[PDB]
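Enquirer: Quick one: the structure is below, questions incoming.
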Amino acid sequence: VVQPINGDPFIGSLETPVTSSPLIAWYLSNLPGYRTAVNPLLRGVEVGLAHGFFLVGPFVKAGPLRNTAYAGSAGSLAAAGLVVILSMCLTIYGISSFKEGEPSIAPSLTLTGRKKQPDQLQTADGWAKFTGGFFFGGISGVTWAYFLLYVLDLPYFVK
Amino acid sequence: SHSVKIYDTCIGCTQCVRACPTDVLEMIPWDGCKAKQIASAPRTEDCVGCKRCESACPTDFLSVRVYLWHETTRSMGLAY
Amino acid sequence: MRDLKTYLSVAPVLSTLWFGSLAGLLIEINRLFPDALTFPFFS
Amino acid sequence: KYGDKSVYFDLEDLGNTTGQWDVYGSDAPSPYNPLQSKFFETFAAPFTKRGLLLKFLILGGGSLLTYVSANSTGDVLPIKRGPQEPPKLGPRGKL
Amino acid sequence: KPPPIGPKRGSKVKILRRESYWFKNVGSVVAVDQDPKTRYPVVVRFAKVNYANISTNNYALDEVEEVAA
Amino acid sequence: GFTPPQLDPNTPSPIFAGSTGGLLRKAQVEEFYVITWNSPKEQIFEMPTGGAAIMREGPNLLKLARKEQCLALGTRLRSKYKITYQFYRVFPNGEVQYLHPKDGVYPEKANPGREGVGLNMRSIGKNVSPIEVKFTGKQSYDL
Amino acid sequence: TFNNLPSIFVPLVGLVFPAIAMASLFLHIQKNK
Amino acid sequence: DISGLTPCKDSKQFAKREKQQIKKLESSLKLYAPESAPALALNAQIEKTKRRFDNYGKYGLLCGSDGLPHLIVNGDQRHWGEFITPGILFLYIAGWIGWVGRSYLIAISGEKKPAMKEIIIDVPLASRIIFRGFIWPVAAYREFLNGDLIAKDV
Amino acid sequence: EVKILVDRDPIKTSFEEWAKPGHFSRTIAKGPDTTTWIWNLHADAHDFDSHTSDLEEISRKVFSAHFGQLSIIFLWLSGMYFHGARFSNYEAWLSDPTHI
Ligand code: CLA
Ligand code: CLA
Ligand code: CLA
Ligand code: CLA
Ligand code: CLA
Ligand SMILES: CC1=C(/C=C/C(C)=C/C=C/C(C)=C\C=C\C=C(C)\C=C\C=C(C)\C=C\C2=C(C)CCCC2(C)C)C(C)(C)CCC1
Ligand code: SF4
């Protein structure tokens, strides 16, 4: 089912099973990157929580102090630092890409041709709310990963 | 963008513009040669700078001449 | 043949002939007169 | 019209022509619980001013970095532990 | 004038044009456009090509000078 | 005021199974250079975005990426298939600028009705040195 | 404290001054008036 | 004895180089029979080495502290066999090459398509010229006086 | 269906084209105005798809060129086997191959 995007052959993409399928499109459409209708703050919270855990993963066990007793604590600290930096670069991104009050640069159309509402994430205040959610969610996910490594160390692998 | 210029040594052979892939050039009438035509460059905004025009100018050095200048999205030849 | 000699006179064929003759010359000189650093005749 | 037989240049609907599509941008409503959403709103609205967020991030991160590197001892980083070893005399005496 | 204005067809000529490949080099006039409105009538034919593999070019009357030979 | 633009209508597009060399976000915020041509038969041609397309019998329409794409296509059309072509420029606001002949005639036939610009009435060596135009916007070649 | 000043200034300089500098310079790049 | 260099006929390290190379070639000589081709070739190389060292001794070469002949180029009459006599021997041949080539290019210059004579070398013409560079130091001098060596701009 | 379709005396054996270098191409078979010509004489030497447009002459050219390559490899193996025969220690290497 490799017919082009929206059946439009002169747009540079295709509706292959990987892009446009009932399972993978649904998955890419019901996650906080593409929830264009809900406010960007909850989206950013979800995103930051997930990436905070994903970053605390390869800092405790993989790192300069992984074998020491300071593995979990200092690794979570480095993960929170990387999260602060990611919110930092997200912030300069929101400042540089769109200024203060312009309308959303997101597409106001869908595959079915409906003149949907534009994604307010791409606005200034919207991206700022998204960055705030990302920072809050990321620090929270870092400390929760630290908590789970603390109180529930035995089921997880140490190696 | 780029500044294409046609000097008065042109013989009006229409190779500069038949080689130009971006419609930058066009032949106009003139009274300076046996062919009674000379090339002009109105659409320099569409000039990428490929110098196919001056790789086909059969003169002492050149008559058409491309000067590299402020590069925009269309002079840089970007589809994005 | 005129054209065979025209080809033998071409630059690579004549170059390899000339440098084979020359190389044989210098080779036989460095075999008959080996290990030469100074010109001793009327030295 | 964009929906005609192999017509992709609806000059009025330039979004469908140029490819402006939310390819996966579902406009479905908030699937989160309202109470936790309000909780996150009230607890992350401080991070709403991107400029204040950036100033806070840079300054507090630099402060925490200096604090960690100044209060950390040599047990967590060998550079602050010091030599704890006699110095080798270099070549030619020491020069 | 209706009579010839420039060098003769075959007159070996020198190029005073500083931007040409054959500057300070001799040539061979093959034609002279007798129209009294063209700017570079003197069609020369040189012996060695330029960088564009071209042996001929139009020159003016003041950008050309015949040799004593 | 002798040749009017053509104002391309909603014509059909060639049969093509879709590629990746098509229209990116440049079209969504800048021009994208529609081309229109008129085929005698349903024949097959190489697309400038890579891949083979099947042009339709009658008028066609292609919105590819940029000027060089449509002009390369049109040159291949005119030389290989001997077919009249004309292409445009479609800004995202809506305007459609006509560009390829701009006189109904291709830009090789020196047809009167076009004003000569980019025209320095001198040989190329008689341009002034840069010091003569130092600290001036004119670089070397606009006097 | 003199032995503790590199521990304050090197993490300060080589990480924050890149943060400040690269951020402010990216903002200066991506600007419009 | 100039430049702090002892001659090779009265040098110690030069004879030491000789002895060391001879012992090296003799160590590779006790692996074959003394009448077979390898041993005969090794003995020939040995005599070649010994005569080489003795010839460098008898020519008055100057061997430094490292024990190798250091050639003198300054112009000392004793050491014109080092640079100046072979230098003249070179320049005579090199100018032969240049002069026959130049007279060849001038010979084909009055051709319809001269370049084909640079590809397809006219061997009769060159062979009639190939010995004309024997007298290059006088023909070139006259072409310089007559004005035929250097071209005129026009 | 399959056959031995083969035509006789298509090309003449003659040194006439040896004397005219660059004969195979149009721009090269007129003379060296420049030195690049000789580089184009070797570059396009085996570019038979550019010399002609029909695949028949190209196929014949590459077939006989493969024959020349096989001649070269047979001559190379001749050299190797010969040098083994005359200028080698193979007759001695069989005795003590782990040390010779
Ligand atoms: C030039 C200045 C500079 C300085 C001072 C540091 C300092 C450090 N680096 Mg290095 N690094 C640098 C440049 C620098 N980096 C560059 C240019 C690169 C790329 C080549 C790296 C790549 C690198 C890697 C790959 C790793 C380090 C690691 C480390 C830590 C030492 C490991 C250890 O034993 O302590 C152990 C100390 C800890 C586990 C605690 C970490 C403290 C965190 C980061 C402070 C959080 C503060 C704040 C919230 C975020 C920063 C704010 C921002 C404005 C700067 C230390 C914090 C290691 C590390 O720990 O990083 C995770 C490590 O794995 N660095
Ligand atoms: C440019 C640098 C350079 C220089 C100056 C030399 C110089 C020399 N090398 Mg070295 N060499 C070099 C580069 C150089 N080489 C390179 C790059 C390589 C690697 C390819 C070698 C490899 C090499 C080896 C392996 C050997 C040398 C040898 C020699 C010596 C040659 C003596 C000889 O046989 O000539 C004698 C003269 C001739 C061959 C020319 C004869 C010319 C004919 C007869 C015409 C002249 C007569 C004519 C009719 C005019 C007469 C007068 C009258 C009629 C008018 C000499 C010291 C050999 C040697 O003995 O080392 C000391 C030696 O074994 N060289
Ligand atoms: C010896 C007799 C002979 C003669 C007189 C001819 C004459 C001719 N042949 Mg024929 N040919 C011959 C033998 C001969 N051929 C053989 C034995 C083969 C099989 C390989 C061919 C295969 C052949 C083909 C496929 C073609 C010709 C063509 C031609 C014509 C032009 C050839 C030319 O100018 O290039 C002269 C080229 C050379 C003199 C050199 C060629 C290279 C040789 C074969 C091998 C080089 C080996 C060498 C050691 C490798 C390099 C390494 C080195 C650096 C150490 C001409 C009519 C062409 C023709 O008519 O098309 C218009 C053509 O297409 N010939
Ligand atoms: C089955 C093997 C095979 C065959 C039949 C061909 C045949 C051809 N190739 Mg292909 N090719 C091959 C292998 C092969 N090639 C390999 C292995 C490579 C990787 C490098 C290439 C890369 C390649 C490119 C990039 C191009 C070709 C081209 C060509 C065509 C013309 C070549 C020509 O005229 O040069 C004739 C022969 C020469 C010019 C001599 C080459 C000189 C070599 C590099 C000398 C140095 C190598 C040597 C071993 C080192 C010793 C040095 C010593 C002499 C001092 C011809 C159709 C060209 C083409 O079709 O143009 C349109 C082209 O552009 N080939
Ligand atoms: C049993 C039949 C047979 C055999 C043995 C071969 C063998 C070979 N063919 Mg093939 N060929 C055959 C049938 C056969 N062919 C048929 C029926 C056709 C027509 C469709 C072709 C068309 C064909 C083309 C177009 C080409 C080959 C090539 C080759 C050579 C490839 C290089 C190689 O591996 O060298 C290994 C070398 C050997 C095995 C040495 C064998 C020496 C004998 C004498 C020649 C092969 C037997 C020969 C077919 C008999 C013909 C009768 C003759 C005695 C009068 C190889 C010699 C290629 C080649 O190299 O060109 C020269 C090539 O370009 N052949
Ligand atoms: C003695 C000596 C020395 C020194 C020397 C010197 C210093 C010299 C100089 C010299 C010089 C200072 C020179 C100059 C010259 C110049 C010129 C100017 C020339 C010219 C020439 C010509 C032109 C030629 C030509 C030719 C010929 C003849 C050959 C071949 C051909 C030709 C044609 C190439 C020493 C001690 C070191 C060592 C020993 C020896
Ligand atoms: S290529 Fe040069 S000479 Fe020919 S028409 Fe164009 S400008 Fe004139």
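Naming works like this for the structure tokens: A, B, ... for the chains as they're shown, residue 1 at the start of each chain, ligands 1 onward in shown order.
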Please provide as a PyMOL selection string all residues within 12 Å of residue 10 (chain E), with the sequence filter that same-chain residues fewer than 2 positions apart are discarded (counting only C-alpha atoms).
Expert: chain E and resi 6-8+12-13+26-32+42-46+66
Enquirer: Residues within 8 Å of ligand 5, counting only C-alpha atoms and all ligand atoms: report them as a PyMOL selection string.
Expert: chain I and resi 4+59+62-70
Enquirer: With only C-alpha atoms as the counted atoms, please give the residues lying no more than 7 Å from region 40-49 of chain F, apart from itself and same-chain residues fewer than 2 positions off, as a VMD selection string.
Expert: chain F and resid 21 to 22 38 51 to 58 69 73
Enquirer: Which polymer residues have any atom within 9 Å of an atom of residue 130 (chain H), counting only C-alpha atoms, with same-chain residues fewer than 2 positions away left out, as a list in words?
Expert: residues 96, 97, 100, 101, 104, 125, 126, 127, 128, 132, 133 and 134 of chain H
Enquirer: Can I get the selected residues back with C-alpha atoms, as an mmCIF file, in the first residue's frame?
Expert:
```cif
data_model
loop_
_atom_site.group_PDB
_atom_site.id
_atom_site.type_symbol
_atom_site.label_atom_id
_atom_site.label_comp_id
_atom_site.auth_asym_id
_atom_site.auth_seq_id
_atom_site.Cartn_x
_atom_site.Cartn_y
_atom_site.Cartn_z
ATOM 1 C CA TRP H 96 71.824 18.893 -26.825
ATOM 2 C CA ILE H 97 68.354 17.701 -25.800
ATOM 3 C CA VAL H 100 67.494 19.436 -30.991
ATOM 4 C CA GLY H 101 64.014 19.771 -29.506
ATOM 5 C CA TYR H 104 62.638 20.390 -34.261
ATOM 6 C CA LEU H 125 63.585 15.248 -39.573
ATOM 7 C CA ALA H 126 64.661 14.668 -35.976
ATOM 8 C CA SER H 127 67.411 12.243 -36.998
ATOM 9 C CA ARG H 128 68.780 14.888 -39.348
ATOM 10 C CA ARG H 132 72.704 19.067 -34.871
ATOM 11 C CA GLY H 133 72.779 19.516 -31.098
ATOM 12 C CA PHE H 134 76.380 18.330 -31.022
#
```
Enquirer: Check which residues fall inside 9 Å of ligand 1 when counting only C-alpha atoms and all ligand atoms, and print them as a VMD selection string.
Expert: (chain A and resid 59 to 60 62 to 66 70 to 85 88) or (chain D and resid 57 to 69 72 76 to 79) or (chain G and resid 7 to 20)
Enquirer: Could you tell me, as number ranges by chain, which residues of chain F DSSP assigns to strand (DSSP E or B) when given the backbone?
Expert: F: 15, 23, 34-39, 44-46, 52-54, 58-63, 85-90, 96-98, 119-120
Enquirer: Residues within 10 Å of ligand 6 should be enumerated using only C-alpha atoms and all ligand atoms and returned as a PyMOL selection string.
Expert: chain H and resi 72-76+79-80+82-85+87-88+91-103+133+136-141+143-144+149-150
Enquirer: To check your reading of the model: which residues sit at most 12 Å from ligand 3 when counting only C-alpha atoms and all ligand atoms? Write the answer as a PyMOL selection string.
Expert: (chain C and resi 1+3-4+6-8+10+12-13+16) or (chain I and resi 9-26+29+41-42+44-52+56-73+75-76)
Enquirer: If you run DSSP on this backbone, which residues of chain G come out as helix (DSSP H, G or I), and could you give them as a ChimeraX atom specification?
Expert: /G:6-29
Enquirer: Counting only C-alpha atoms, what is within 10 Å of residue 18 (chain B), bar same-chain residues fewer than 2 positions away, as number ranges by chain?
Expert: B: 13-16, 20-21, 23, 25-27, 52-53, 56; F: 75, 106-108
Enquirer: Write the selection just made, keeping C-alpha atoms, as a CSV table (one decimal), in the first residue's frame?
Expert:
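Just written: out33.csv:
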```
chain,number,residue,atom,x,y,z
B,13,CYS,CA,24.5,32.8,-31.4
B,14,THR,CA,21.8,32.0,-28.8
B,15,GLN,CA,23.9,29.4,-27.0
B,16,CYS,CA,24.1,31.3,-23.7
B,20,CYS,CA,20.7,28.3,-19.5
B,21,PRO,CA,18.5,25.9,-17.5
B,23,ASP,CA,15.3,31.0,-18.1
B,25,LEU,CA,18.5,35.0,-20.4
B,26,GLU,CA,16.7,36.0,-23.5
B,27,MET,CA,17.7,37.2,-26.9
B,52,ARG,CA,26.5,27.2,-18.5
B,53,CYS,CA,25.9,30.5,-20.3
B,56,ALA,CA,29.0,28.4,-24.2
F,75,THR,CA,13.6,21.2,-22.6
F,106,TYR,CA,11.0,30.9,-26.4
F,107,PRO,CA,14.1,32.9,-25.3
F,108,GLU,CA,16.2,32.1,-28.3
```
Enquirer: Using only C-alpha atoms, which of B:41, B:78, B:4, B:35 sits nearest chain E?
Expert: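 Using only C-alpha atoms, the shortest distance to chain E belongs to B:35.
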